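In the block that follows, a single chain appears as structure tokens, in the form deposited in one PDB entry.
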């Protein structure tokens, strides 16, 4: 079809190609004609032909876990924005934590020859780490590790641990000593790490978390629902709860309300993530905010680097969580005694 353009214009396809890509000077007259042709002929330059030669698709692959989750969903929108402003095309892939599925998308991806890979799989078993390595040749960054599990990738790190600690400290400083916790999956960083950061501050204040007071969630609202329930559904109950993720907290809030408990009046609750509409939870959610937009742009940027400035060395950037006081926490029994 470039041939068809070249001819309506009576110039070489070499010419057409030069004007289309402004890769060398061309007589105005010449240029104009080409355009004209380009027009009537209604021409769409084929990227597949072009990638074939130039050796890059100008497309990036996001191997995510799920895209419905508020959390994820906001990161993704971030990455896309960046791709679109620097000309990259985004191929989105949800593997749902299924190895098979993962082996599958990873491969469809190498085959489509994406220029780089954005990895966000939540959990990383050796079997997965292993697969990841087989594509070390394709540039990539894992946006969700705690530390740097590997040497064949870039990593953006969230300091989930320090978020966990911040959360606990707030509770402590508000007068709370009987606290509970619904962590997210321990196999995940945002799960295990947030919890641990939380457990430290407790030890620091000699608070002890009765196991009957910690209930695993899975970042889904229903998990929050059940957890809270189970917590308050007991003889002795905490006065404050740390919830591993906003959406689960949303669930925690519903159950309380359903048991006729008042928040923060009966139970104080603090979450984590600061999802776009946590401010509109009822009551307005007090949480630890995770820089999602920056977590995304930061990742996109390391990749581009590696892509463009052909980097070889693994890199890692830290990002920082911060506390957001809203209205779901109230002073606890010891506020006055400090």
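We call the rigid core the largest set of C-alpha positions that still match within 1.5 Å between the two forms. Numbering follows the first chain given and starts at 1.
Although not depicted, the form deposited in another entry is the subject of the following passage.
Superposed on the rigid core, the two forms differ between this form and the one not shown by 2 Å or more at the C-alpha of one listed residue only; from 239, 82, 229, 216 that residue is 82.
Core-superposed comparison between this form and the one not shown: CA of residue 94 displaced by 2 Å or more.
Here residue 103 counts as shifted, since its C-alpha moves by at least 2 Å between this form and the one not shown after the core is aligned. Superposition of the core reveals a Cα shift of less than 2 Å for residue 259 between this form and the one not shown. Whereas the displayed form keeps them at a certain spacing, the CA atoms of residue 219 and residue 97 lie at least 3 angstroms farther apart in the other entry. An increase of at least 3 Å in the separation of the C-alpha atoms of residue 123 and residue 273 is found in the other entry, compared with the displayed form.
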